[PDB]
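J.: Chains as they are written, first to last, in the UniProt record's numbering: chain A, 1081 to 1129; chain B, 226 to 282. Have a look at this one before I ask anything.
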RNA sequence: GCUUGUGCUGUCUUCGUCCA
């Protein structure tokens, strides 16, 4: 490489936010009883606002 | 407006009772379901109406 | 011929994530 590279060990930490705990998709599913709109929440297979 | 908004209609003499779709009940657990707030308020209103009718006669 | 199994509350509160 034409440019030299800064290089060495550094202390890194893994945070709790992982993509597989955030990915969510919905085509159709449960709806609220009062308004008949998609429910809220990824855990409940909800929709996006 | 004579046809649509008559002044004496601002005093309630008959109350419309909404269908259960407006005040749905919720099952709090596997056995006991919960009455909605509007249902309880309508029950209180109807009890007061019955009380007034009984007292008057 | 023994024939397959469909359904989920609600209201608060808190703590967080990304912008700001």
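Just so it is clear, CB atoms sit at the ideal spot from N, CA and C, and this is done for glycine as well.
DSSP three-state label for residue 1118 of chain A, please.
T.: DSSP places residue 1118 of chain A in strand when its eight states are reduced to three.
J.: Just list the residues that DSSP pairs residue 251 of chain B with in beta bridges.
T.: B:259, per the DSSP bridge assignment.
J.: Would you say residue 1110 of chain A and residue 1099 of chain A are within 8 Å of each other, going by their C-beta atoms?
T.: No, Cβ-Cβ distance for residue 1110 of chain A and residue 1099 of chain A is not below 8 Å.
J.: Let me make sure I understand the geometry here. Which of A:1097, A:1125, A:1092 has the alpha-carbon closest to that of residue 1104 of chain A?
T.: When each option's Cα is compared against that of residue 1104 of chain A, the closest is A:1125.
J.: Would you mind stating whether residue 263 of chain B and residue 247 of chain B have Cβ atoms separated by less than 8 Å?
T.: Yes. Within cutoff.
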